[PDB]
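**Student:** Below is the structure I would like to discuss, written out as structure tokens.
Each reported figure results from applying straightforward, stated rules to the coordinates on display, with no laboratory input. Cβ placement follows ideal geometry from the backbone for every residue including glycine, while neighbour counts extend to all protein chains displayed.
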There are 2 protein chains.
Amino acid sequence: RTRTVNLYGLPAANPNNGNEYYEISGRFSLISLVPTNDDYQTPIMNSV
Amino acid sequence: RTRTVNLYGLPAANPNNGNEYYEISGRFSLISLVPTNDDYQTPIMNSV
């Protein structure tokens, strides 16, 4: 009803289309460096 | 039961004649002046 047709792209008007949420699924890796002053005794919940 | 008889016309007393509507059919030619573009005036990355 206006002078703009055959653009392409997602405008900011209603990006969600009323969907409750846009969804992604995947797997992420991570190699943390929790400290250690002794072999047998490794921590959880890094809080330093 | 009155003077005026044999007159040509159509009075307003009962024009519907018990009909719901008077219908007419035809063709409809319009030469309006649209605002529509010609696929120009649109950004250079106008595409999938």
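The rows are residues; the columns are (1) among the basic types (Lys, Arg); (2) exposed (fewer than 10 other Cβ atoms within 10 Å of the Cβ); (3) touching a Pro at 6+ places or on another chain (Cβ under 7 Å).
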residue	(1), (2), (3)
A:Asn6	no, yes, no
A:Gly9	no, yes, no
A:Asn14	no, yes, no
A:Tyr21	no, yes, no
A:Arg27	yes, yes, no
A:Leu30	no, yes, no
A:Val34	no, no, yes
A:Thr42	no, yes, no
A:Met45	no, yes, no
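**Student:** Just wondering, is there one or more residues in segment A:14-34 that are aliphatic (A, V, I, L, M) and within 30 Å of B:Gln41 (Cβ to Cβ)? Can you show your working first?
**Tutor:** In the first step, residues of segment A:14-34 are kept if they are aliphatic (A, V, I, L, M); the result is A:24, A:30-31, A:33-34.
Among the residues that remain, those that are also within 30 Å of B:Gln41 (Cβ to Cβ) are: none.
Within segment A:14-34 (the criterion being aliphatic (A, V, I, L, M) and within 30 Å of B:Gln41 (Cβ to Cβ)), the answer is no, since none of the residues qualifies.
**Student:** Could you check, for segment A:23-43, whether at least one of its residues is free of Cβ contacts under 8 Å to residues at least 12 places away in the same chain, within 14 Å of chain B (Cβ to nearest Cβ) and more than 21 Å from the chain's Cα centre (by Cα)? Don't jump to the end; show me each part of the working.
**Tutor:** Keep residues of segment A:23-43 that are free of Cβ contacts under 8 Å to residues at least 12 places away in the same chain, which gives A:23-31, A:33, A:36-43.
Pick out the ones that are also within 14 Å of chain B (Cβ to nearest Cβ) and you get none.
No, that holds for no residue.
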